Amino acid sequence: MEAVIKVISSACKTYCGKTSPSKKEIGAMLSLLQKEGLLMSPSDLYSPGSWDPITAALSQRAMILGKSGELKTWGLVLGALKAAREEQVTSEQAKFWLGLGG
């Protein structure tokens, strides 16, 4: 769950700018989603299939329990993911990262 925070944080810093969430907040968001049984692996969040269910669940949390910290974080995270998904050729970007690792 450490590297996931770093990656998400990196994506947010690139796409949200100064309004970017803290690493602690991303952690709290990911931690909650795990403990809710929503994210089985933290990396499931990267796939768009999880995005609506995450939004739904975090909206429920803000409404039912009055706790909206995580939903605000997710707003920022999801904006960053959408921006990233649009702007880039996805697999060339991955090819790049695996290349640097060698």
# chains A, B, ... in the order shown; residues from 1 in each chain; ligands from 1

$ residues_around --residues "segment 85-94 of chain A" --least-positions-apart "5" --cutoff "12 Å" --atoms "only C-alpha atoms" --output "ChimeraX atom specification"
/A:11,14-15,46-48,78-80,99-101

$ select_by_dssp --residues "chain A" --states "alpha helix (DSSP H)" --output "PyMOL selection string"
chain A and resi 2-15+23-35+51-64+69-87+90-101

$ residues_around --residues "residue 6 of chain A" --least-positions-apart "3" --cutoff "12 Å" --atoms "only C-alpha atoms" --output "compact mmCIF listing (two decimals) with N, CA and C atoms, in the first residue's frame"
# COMPACT_ATOMS: atom_id res chain seq x y z
N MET A 1 0.83 -1.24 0.00
CA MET A 1 0.00 0.00 0.00
C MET A 1 0.85 1.28 0.00
N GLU A 2 2.15 1.13 0.26
CA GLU A 2 3.10 2.25 0.24
C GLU A 2 3.36 2.82 -1.16
N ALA A 3 3.65 1.94 -2.12
CA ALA A 3 3.95 2.34 -3.50
C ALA A 3 2.73 2.94 -4.21
N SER A 9 -0.26 9.83 -5.48
CA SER A 9 0.29 11.15 -5.13
C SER A 9 1.00 11.84 -6.30
N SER A 10 1.83 11.06 -7.01
CA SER A 10 2.54 11.51 -8.20
C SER A 10 1.57 11.98 -9.30
N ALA A 11 0.57 11.14 -9.58
CA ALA A 11 -0.49 11.42 -10.55
C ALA A 11 -1.27 12.69 -10.19
N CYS A 12 -1.59 12.84 -8.91
CA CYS A 12 -2.29 14.02 -8.40
C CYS A 12 -1.45 15.28 -8.54
N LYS A 13 -0.17 15.20 -8.15
CA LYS A 13 0.75 16.33 -8.29
C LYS A 13 0.89 16.80 -9.73
N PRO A 21 -4.19 16.34 -3.03
CA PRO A 21 -4.33 15.85 -1.64
C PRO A 21 -3.00 15.39 -1.04
N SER A 22 -2.94 15.32 0.29
CA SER A 22 -1.75 14.84 0.99
C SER A 22 -1.67 13.32 0.87
N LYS A 23 -0.47 12.78 1.09
CA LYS A 23 -0.26 11.34 1.09
C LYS A 23 -1.02 10.65 2.23
N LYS A 24 -1.14 11.32 3.38
CA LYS A 24 -1.87 10.78 4.53
C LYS A 24 -3.35 10.58 4.18
N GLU A 25 -3.90 11.55 3.46
CA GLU A 25 -5.30 11.54 3.02
C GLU A 25 -5.59 10.42 2.02
N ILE A 26 -4.70 10.27 1.03
CA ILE A 26 -4.74 9.19 0.05
C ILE A 26 -4.72 7.84 0.78
N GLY A 27 -3.81 7.73 1.75
CA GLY A 27 -3.69 6.56 2.61
C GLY A 27 -4.96 6.23 3.35

$ closest_residue --among "A:8, A:19, A:74, A:83" --to "residue 32 of chain A" --atoms "only C-alpha atoms"
A:74

$ residues_around --residues "residue 73 of chain A" --least-positions-apart "2" --cutoff "8 Å" --atoms "only C-alpha atoms" --output "PyMOL selection string"
chain A and resi 21+25-26+29+69-71+75-77

$ write_last_selection --atoms "C-alpha atoms" --output "short mmCIF file (atom, residue, chain, number, x, y, z; two decimals), in the first residue's frame"
data_model
loop_
_atom_site.label_atom_id
_atom_site.label_comp_id
_atom_site.auth_asym_id
_atom_site.auth_seq_id
_atom_site.Cartn_x
_atom_site.Cartn_y
_atom_site.Cartn_z
CA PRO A 21 -4.33 15.85 -1.64
CA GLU A 25 -5.30 11.54 3.02
CA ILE A 26 -4.74 9.19 0.05
CA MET A 29 -8.97 6.84 1.57
CA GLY A 69 -12.98 13.46 4.14
CA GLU A 70 -12.37 10.43 1.93
CA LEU A 71 -14.95 11.49 -0.69
CA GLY A 75 -12.79 13.69 -6.05
CA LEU A 76 -9.20 14.85 -6.52
CA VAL A 77 -7.77 11.33 -7.16
#

$ closest_residue --among "A:7, A:98, A:63, A:39" --to "residue 81 of chain A" --atoms "only C-alpha atoms"
A:7

$ atom_distance --atom1 "atom CA of residue 102 of chain A" --atom2 "atom CA of residue 40 of chain A"
29.0 Å

$ atom_distance --atom1 "atom CA of residue 42 of chain A" --atom2 "atom CA of residue 95 of chain A"
21.5 Å

$ atom_distance --atom1 "atom CA of residue 53 of chain A" --atom2 "atom CA of residue 18 of chain A"
27.2 Å

$ residues_around --residues "residue 54 of chain A" --least-positions-apart "3" --cutoff "9 Å" --atoms "only C-alpha atoms" --output "compact mmCIF listing (two decimals) with C-alpha atoms, in the first residue's frame"
# COMPACT_ATOMS: atom_id res chain seq x y z
CA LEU A 33 -11.83 1.33 0.88
CA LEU A 38 -14.41 -2.49 -1.80
CA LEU A 39 -10.77 -2.70 -2.92
CA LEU A 45 -8.52 1.43 -7.96
CA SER A 50 -14.04 0.42 -9.72
CA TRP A 51 -14.68 4.16 -10.17
CA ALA A 57 -19.76 4.00 -1.58
CA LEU A 58 -18.00 7.22 -0.57
CA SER A 59 -21.14 9.26 -1.30
CA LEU A 71 -14.95 11.49 -0.69
CA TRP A 74 -11.42 10.69 -4.14
